[PDB]
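Trainee: once you've seen the sequence and the experimental structure below, I've got questions.
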Amino acid sequence: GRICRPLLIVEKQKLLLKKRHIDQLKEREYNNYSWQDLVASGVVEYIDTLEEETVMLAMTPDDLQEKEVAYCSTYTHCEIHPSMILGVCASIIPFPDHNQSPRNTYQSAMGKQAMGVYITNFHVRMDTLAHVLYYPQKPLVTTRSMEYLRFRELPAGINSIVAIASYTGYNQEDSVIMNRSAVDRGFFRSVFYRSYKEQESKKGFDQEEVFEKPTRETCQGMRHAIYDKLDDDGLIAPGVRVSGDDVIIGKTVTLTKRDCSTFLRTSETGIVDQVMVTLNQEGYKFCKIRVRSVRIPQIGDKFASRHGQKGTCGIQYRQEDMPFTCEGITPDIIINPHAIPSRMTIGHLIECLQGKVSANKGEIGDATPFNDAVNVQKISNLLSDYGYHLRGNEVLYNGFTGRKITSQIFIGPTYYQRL
Amino acid sequence: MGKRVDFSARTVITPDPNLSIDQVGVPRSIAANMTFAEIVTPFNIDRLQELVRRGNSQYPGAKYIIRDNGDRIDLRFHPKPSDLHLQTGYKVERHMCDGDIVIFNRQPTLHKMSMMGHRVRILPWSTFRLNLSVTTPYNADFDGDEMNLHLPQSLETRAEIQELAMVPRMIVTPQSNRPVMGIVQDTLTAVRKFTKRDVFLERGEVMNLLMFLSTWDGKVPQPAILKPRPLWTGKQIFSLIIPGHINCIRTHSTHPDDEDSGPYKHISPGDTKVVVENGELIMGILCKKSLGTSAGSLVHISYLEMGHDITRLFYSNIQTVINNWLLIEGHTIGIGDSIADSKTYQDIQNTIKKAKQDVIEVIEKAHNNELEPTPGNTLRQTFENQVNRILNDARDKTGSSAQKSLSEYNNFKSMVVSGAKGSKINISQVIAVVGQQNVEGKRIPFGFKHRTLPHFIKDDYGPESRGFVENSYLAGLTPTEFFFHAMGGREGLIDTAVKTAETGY
Amino acid sequence: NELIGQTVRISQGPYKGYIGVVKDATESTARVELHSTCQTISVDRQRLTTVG
Amino acid sequence: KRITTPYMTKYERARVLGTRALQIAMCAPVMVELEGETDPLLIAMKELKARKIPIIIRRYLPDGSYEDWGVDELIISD
Amino acid sequence: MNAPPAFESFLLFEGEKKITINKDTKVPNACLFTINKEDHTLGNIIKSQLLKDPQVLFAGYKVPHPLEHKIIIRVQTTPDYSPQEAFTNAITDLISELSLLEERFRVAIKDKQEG
Amino acid sequence: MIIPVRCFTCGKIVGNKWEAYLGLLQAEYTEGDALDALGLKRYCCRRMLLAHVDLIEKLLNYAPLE
Amino acid sequence: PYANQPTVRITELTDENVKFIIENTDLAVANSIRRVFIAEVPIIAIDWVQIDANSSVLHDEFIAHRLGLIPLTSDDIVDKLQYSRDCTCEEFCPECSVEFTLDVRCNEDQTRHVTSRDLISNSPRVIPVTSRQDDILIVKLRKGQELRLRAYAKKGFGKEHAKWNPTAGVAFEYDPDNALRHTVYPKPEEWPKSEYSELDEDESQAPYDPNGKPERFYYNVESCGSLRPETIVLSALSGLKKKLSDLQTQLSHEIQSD
Amino acid sequence: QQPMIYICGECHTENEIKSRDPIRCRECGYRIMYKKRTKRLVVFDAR
RNA sequence: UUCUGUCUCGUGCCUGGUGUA
Ligand SMILES: [Mg+2]
Ligand SMILES: [Zn+2]
Ligand SMILES: [Zn+2]
Ligand SMILES: [Zn+2]
């Protein structure tokens, strides 16, 4: 139960990790050199919190082991990479060191509510409350630590052209305007699967439960539902459109017989995806039915960013109505500028700028927090090489009148999530 | 004392500036579900007569017919045509429709203005839309909030709600005699930008903005500039919005204190000192000082002079005309608003380095016992006070230098001087330096044995060793001070979680 | 009543070429739940054709 | 020889429009010409403004006494 | 569940007038034209064309609520020329402008291909 | 899951370009030159192929419920 | 008072896009013409899909959606077809639709790419953009998976659903140099020159022009392959001309209807 | 007039399972079974 | 100067966990 972490060893002002280890480690596909050999060679060590009170720890060797006037000069360990202090949800945040810490916490909380393909065998699982995006995407700007989270293979969100502008007043007070045309094209479209489980039983000497199409000539207690939607099996068929108060499993319990069927939850309105029939531990018939429902993103749906920018869709406009740049680029989501100044999510802005360079350069940008080699000015110098304003602004034309709006709008790709 | 009530709905709230401040945009399904028993009477028997024929299926229809003997007839089952007949003493439970009075609540009902009554306007897309200015009363942002709608079920109750709890009647609160609804958030920024002295509009643009005044009398004002080209000033259009003949004097946020003493007292160089006479804006720029929820604000005068209806319109007009001009002006925030021109960065760095040297000198004096313990305080406490003073001076001075370097087009400044969102301290933290991170009022404690992290050396009372974040949010935080910033921010979350249970009791 | 629960195609008006099952039916109008959309519209029974 | 305030409290006005509207909904005769509106609340309001509502407010005092005030006797606020 | 079908932005219901004129009461010679089932595609061109008329004192439009399929163009002209004809003419000749553009674009296209 | 048919922002067809893009990347093209080869000039369209993850290739690993 | 005299000048014309410049027209007219290019220009797109059998890993609605987004070659049939809702025939007919069929089953060991080449069409003029380069991938199928469906393509326009939008990207722009100061730059020299800037590399923006209207509206209409890019512009003009002719009809009637 | 055809799990082979029958595959005896797609009309807008 | 339609509002609960403002 002692919680500990690996650290590099420092014997004099020098790491024990020399280039030969990195080279052998780089080849670990051919030769099976691995972490075990790194530990066995005595280059890495697991320090525990109680042991960490007596270790002198550098953060980065390349600066904290040279000197001008000696600060420590007796380091014993060195951090592998300081970004390893973050957890699973906190290390998908790009530029978390440019954000106010509560924003990082709120993103850690919302990163567990963002829809995406939650597992590759989702069509096999009869899970309750499953949500999968039509077209989830890899973030254009990633931390190097989300490679181990395998987020690149099972992502939860879509890179959207975010325009941080107060447009027509519905992108207001934490809400976001969305592009109806983008939605039509499947932007943030997801399918929601709900699963209903039901099992038959020997209630007793006198009463028994069985799956059968209830019939009014024999079943008492029937309701207004259309039982005819059921086939003689007594189970709804895959591919049948259902709605609130529709019977899903025609269970009847003998007394002539009482209608004990299970109905679709009120106001769900889905299509039966698949129906599986089997036996439970007790050897009685048991069936799990999964009903899919396509959820086109509408007004009121909560969308969040990787920086803590929760917001509901205030209104949706057609592409003809959205503001457009010198070319036909309209934003997919317009977010209120007043969300930034008080919450100080500058990492949001830096993401929106580097995602722009990422989409132009044709490379996924790196937003690992403590980089020191990635600062705003260098990104801007990159961005101005692609014929853009170095700070990311653009000249938007009003979608309703076609007249340029006197303020140049900050716009660029930002990885938005659907909660 | 608290029950579950019929005729109640709940939905995610979303913004809608085109609704009047006393209107709520309920979705179609809720309006189709909730009913109001309307007594049958000769004045309306025909309206209800056909309404009843429509049944429960079509939206502008009815759900039940309650006969005078109490026998309820369910219209969901399309009963025999003989039962559909209604006479004077019966009640028709028609569906909720436009104009119906509803009382709208957010569950942390902290004060009287948390359950204001609104007129319904049915709209598509499943959400309870409400006007922006009503955000402050309910404290209800639109990031996913939900609010309860209660539909009164009798005329005696609708009348009571309409005459006691209607939204415009709740503009001013007895809690502090000031307004609680004001021009807030985005439209305050837009109206500040719109009422500047250098805002000019063509005939083509004003004739379009006047389309959005409801109370406009229809006569275009003589433009403040006739030649070489007809030009209207922003204040000229805004005078059309101010209702009746109001008379107040307010001051804009950036008003110099030494301006009222020198010359240019009644003719301010910077266009501060809002002056509204005879219902016209003579000078000044509008911000939270004059349009916000503050005593003596312009909306406060409008409410005290004009009734609550003319002020209801004044609110809606400000929002609609200013948001319509915001499509021309536009407003944003981006990286260009955080960069500091590389001249102010030199000042920031020099100030922070000098402050660090001062803290080092104080530490040397303390270690040499040259530091005298001040009255009441101990030696260690006087040392902590000395260091906190030096680092507070550093942060404040760097922030102040950041303020003066911002261009007039900077969108942080536009959102701070308007008062809509943010403070100069946020600009300081974003641009110049974040500052000291405190937990329980003290610098970061020695969690390990005599040090804050394994990366520092024992007995290190320096700035970065105890939590002073010397970088800005634009430049990024060093990992040690990243963790210290996390420690400092955790206090806000803990206080938020524990305070609610103590204050609710 | 008569065609409740049958599969109907809408042959006229804005919803032309839509498939839905019937959930309510009066002498003049019927409520059709559409197979594609998550909605149940009221339509005039003269606009409906039965596919079964 | 009445001492209560000669003005109609917002509560009195509210409960009067509420009750009088309900009576109109039950077709008690209306005291003023309907130009043709039919919402009982709008009619009750019109009455009030014309000061024709046939209601007297029985105002109880803390000691147990009471004073009947015709709606036409006291002053409306709005 | 409450999504409006997309057709409601352009398909006419039973009873809907394509256009409804009402005189404005606050000033002489001013009408309110209410287009049903239309938006800014038609509102900006008519508003701008009305402004070229030297006899048009005021011309502009609003969408009373964006989810309401109704727009309001307001016109007010000199007393010697009714707003009705102001509208009529500004469309009478706007149609000509678009036809003139069609003819001129058609010739420029045939002139670009092998020319 | 599968490459989107059209770019969400503008509407350019990009559904016919994922296989081509994979072939270009099979050659030593840098993804920026690959995108230029496929004719994707606007960053909204480039975002589609740079950020797309082909999960349908994983979903096909499962035997079908024929 | 009367109509202004507009001009046109095509600078580039390809089978993918048109760059043209419009002179002597209002700011509103040039933007409304843009809006028509996006929303109000009819094209043929799949709007009805009967899925006979689908066992692929993609769901029935997923398939339907993707089929809806496939661009069809709509150049002569679209101006001749009647809107389905306006058509008098029950169900579908050639006068209001183009029938499509896709019956596919994977039996070979390798995975089958169900591209748009499998979308057979009842008409030779309306087909996915495959005339004369890879095809839109609809599904990937394993051994034993199948997809058999019937579909009908309807005449529609981008205001109802994005599927009927004939453009990939419309680049509307006017006044490249900031002569009218319709946009105010905090630092005009940080901004790259427009493609149409008649400006030397010395000065940043054109000197302020107080009395001046916007003319010379530069367009770059890029097609999605459905309509030829010049036919999109012609289709806008005929459709807007019809909208005004019909609106004047309704208006004139409403004047007499007093 | 269908004997109620089901699809096996690990086999993927159609088996006829009537009421009052234990769900067992005809071959290998797997207990998991799936109902085959409906024959009813399936039509989508493709939107 | 053989009959025959006759169907109309059913319902768990506790406890614990996670989540929303
Ligand atoms: Mg909130
Ligand atoms: Zn694109
Ligand atoms: Zn036809
Ligand atoms: Zn088997």
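Mentor: Done, it's in. Numbers count the residues shown, from 1 in each chain, chains lettered A, B, ... in the order given. Ligands and ions are numbered 1, 2, ... in the order given.

Trainee: next, the distance between the ends of stretch B:248-263.
Mentor: 22 Å (C-alpha to C-alpha, to the nearest Å).

Trainee: is it anywhere near chain A?
Mentor: No: judged by C-beta under 8 Å from any C-beta of the partner chain, stretch B:248-263 and chain A are separated, with a smallest distance of 15.0 Å. Where you see a C-beta, it was placed from the backbone N, CA and C, and this is true even at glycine.

Trainee: buried residues in that stretch, which are they?
Mentor: B:248, B:250, B:251, B:252, B:255, B:259 (16 or more other C-beta atoms under 10 Å in any protein chain shown).

Trainee: same list (the residues you listed) but as CSV, adding secondary structure and distance to ligand 1.
Mentor: As requested, the buried residues of stretch B:248-263 are exported to CSV (DSSP: H, G, I helix; E, B strand; the rest coil; distance: C-beta to the ion, whole Å):
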residue, secondary structure, distance to ligand 1
B:248, strand, 33
B:250, coil, 31
B:251, coil, 33
B:252, coil, 30
B:255, coil, 34
B:259, coil, 40
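
Trainee: tell me the spacing between residue G:168 and chain C.
Mentor: Counting by C-beta to the nearest C-beta, to the nearest Å, the gap from residue G:168 to chain C is 27 Å.

Trainee: that's a strand at that residue, yeah?
Mentor: Yes: Residue G:168: assigned to a strand according to DSSP: H, G, I helix; E, B strand; the rest coil.

Trainee: can you pull the contacts of the closest residue in space to it that isn't next to it in sequence?
Mentor: With C-beta to C-beta, 6 or more residues apart in numbering or on different chains as the measure, residue F:12 is the residue that lies nearest to residue G:168, at 3.9 Å, once sequence neighbours are left out. Residue F:12 makes contact with F:6, F:40, F:42, F:45, G:168, G:169, G:222, G:224, according to C-beta atoms under 8 Å, 6 or more residues apart in numbering or on different chains.

Trainee: mind checking which of the residues you listed land in strands?
Mentor: Taking DSSP state E as the definition of strands, those contribute G:168, G:169, G:222.

Trainee: near ligand 1, from these?
Mentor: For ligand 1, no contacts are drawn from these by C-beta under 5 Å from the ion.

Trainee: out of those, flag the one nearest to residue B:218.
Mentor: Within the ones in strands among the contacts of residue F:12, proximity to residue B:218 (C-beta to C-beta) peaks at residue G:169, which comes in at 42.5 Å.

Trainee: as TSV, the ones in strands among the contacts of residue F:12 with neighbour count would be great.
Mentor: Formatted as TSV, the ones in strands among the contacts of residue F:12 follow (neighbours: other C-beta atoms under 10 Å in any protein chain shown):
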residue	neighbour count
G:168	25
G:169	27
G:222	25
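
Trainee: would a markdown table of those with distance to ligand 4 be doable?
Mentor: Shown next, in a markdown table, are the ones in strands among the contacts of residue F:12 (distance: C-beta to the ion, whole Å):
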| residue | distance to ligand 4 |
| --- | --- |
| G:168 | 51 |
| G:169 | 54 |
| G:222 | 55 |
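
Trainee: tell me where the stretch 101-250 of chain G has helices.
Mentor: Ranges of helices within the stretch 101-250 of chain G are G:229-256, based on DSSP state H, counting those that start in this stretch.

Trainee: which residues of it lie near chain C?
Mentor: So the stretch 101-250 of chain G meets chain C at G:152, G:154 (C-beta under 8 Å from any C-beta).

Trainee: residue of the stretch 101-250 of chain G closest to chain D, please.
Mentor: The nearest approach of the stretch 101-250 of chain G to chain D comes at residue G:250, 31.1 Å away (C-beta to the nearest C-beta).

Trainee: in contact with that residue, which residues?
Mentor: Here residue G:250 is in contact with E:17, E:18, E:19 (C-beta under 8 Å, 6+ apart).

Trainee: which residues does residue G:170 contact?
Mentor: Applying C-beta under 8 Å, 6+ apart to residue G:170 gives the contacts A:324, A:328, G:34, G:37, G:38, G:219, G:220, G:221, G:222.

Trainee: could you report the neighbour count for the closest residue to residue B:110 other than its chain neighbours?
Mentor: Among residues not flanking residue B:110 along the chain, residue B:139 sits closest, at 7.5 Å (C-beta to C-beta, 6+ apart). Residue B:139 has 13 neighbouring residues, counting by other C-beta atoms under 10 Å in any protein chain shown.

Trainee: surely residue B:139 is in contact with residue B:108?
Mentor: Yes: between residue B:139 and residue B:108 there is a contact under C-beta atoms under 8 Å: 7.2 Å.

Trainee: mutual contacts of the two, please.
Mentor: With C-beta under 8 Å, 6+ apart, residue B:139 and residue B:108 have common neighbours residue B:114.

Trainee: which residue does chain D have closest to chain H?
Mentor: Going by C-beta to the nearest C-beta, chain H is nearest to residue D:39 of chain D, at 42.0 Å.

Trainee: sorry, slip of the keys, the one I care about is chain E.
Mentor: residue E:6 (8.2 Å).

Trainee: so how many other residues sit close to that residue?
Mentor: By other C-beta under 10 Å, 18 other residues sit near residue E:6.

Trainee: ok, now which ones touch it?
Mentor: G:159, G:160, G:161.

Trainee: mind putting these into TSV with distance to residue G:239 and neighbour count?
Mentor: Conversion of these to TSV gives the following (distance: C-beta to C-beta, whole Å; neighbours: other C-beta atoms under 10 Å in any protein chain shown):
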residue	distance to residue G:239	neighbour count
G:159	11	24
G:160	14	23
G:161	17	23
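
Trainee: just the ones of the residues you listed in strands?
Mentor: Counting by DSSP E, the contacts of residue E:6 place none of their members in strands.

Trainee: tell me the one among these nearest to chain H.
Mentor: residue G:161 (5.4 Å).

Trainee: residue B:124 touches residue E:67, doesn't it?
Mentor: Yes: at 5.5 Å, residue B:124 and residue E:67 qualify as touching, with contact defined as C-beta under 8 Å.

Trainee: any common contacting residues for these two?
Mentor: Residues touching both residue B:124 and residue E:67 by C-beta under 8 Å, 6+ apart: residue E:4.

Trainee: hang on, residue B:435 packs against residue B:397?
Mentor: No: counting by C-beta under 8 Å, residue B:435 does not reach residue B:397; the two are 11.4 Å apart.

Trainee: ok, those two, which is more surrounded?
Mentor: Taking neighbours as other C-beta under 10 Å, residue B:435 and residue B:397 compare with residue B:435 leading, 23 against 19.

Trainee: separation between the residue nearest to that one when sequence neighbours are not counted and residue B:468?
Mentor: Spatial nearest neighbour of residue B:435, excluding adjacent residues (C-beta to C-beta, 6+ apart): residue B:395 at 4.0 Å. Relative to residue B:468, residue B:395 is positioned 8 Å away (C-beta to C-beta, to the nearest Å).

Trainee: now do the shared contacts for these two.
Mentor: B:435, B:436.

Trainee: higher neighbour count, these two?
Mentor: Taking other C-beta under 10 Å, residue B:395 and residue B:468 do not tie; residue B:468 has more neighbours (27 against 23).

Trainee: enumerate every residue touching residue B:46.
Mentor: Shown in contact with residue B:46 (C-beta under 8 Å, 6+ apart): no residues.

Trainee: same check, this time on the one 10 residues further on
Mentor: For residue B:56, the contacting residues are B:62, B:63, B:75, B:76, by C-beta under 8 Å, 6+ apart.

Trainee: residue B:63 is in contact with the last one, correct?
Mentor: Spelled out, that is residue B:76. Yes: judged on C-beta under 8 Å, residue B:76 makes contact with residue B:63 at a distance of 6.8 Å.

Trainee: those two - which one has more neighbours?
Mentor: Ranked by neighbour count (other C-beta under 10 Å), residue B:76 and residue B:63 place residue B:63 first, with 20 against 12.
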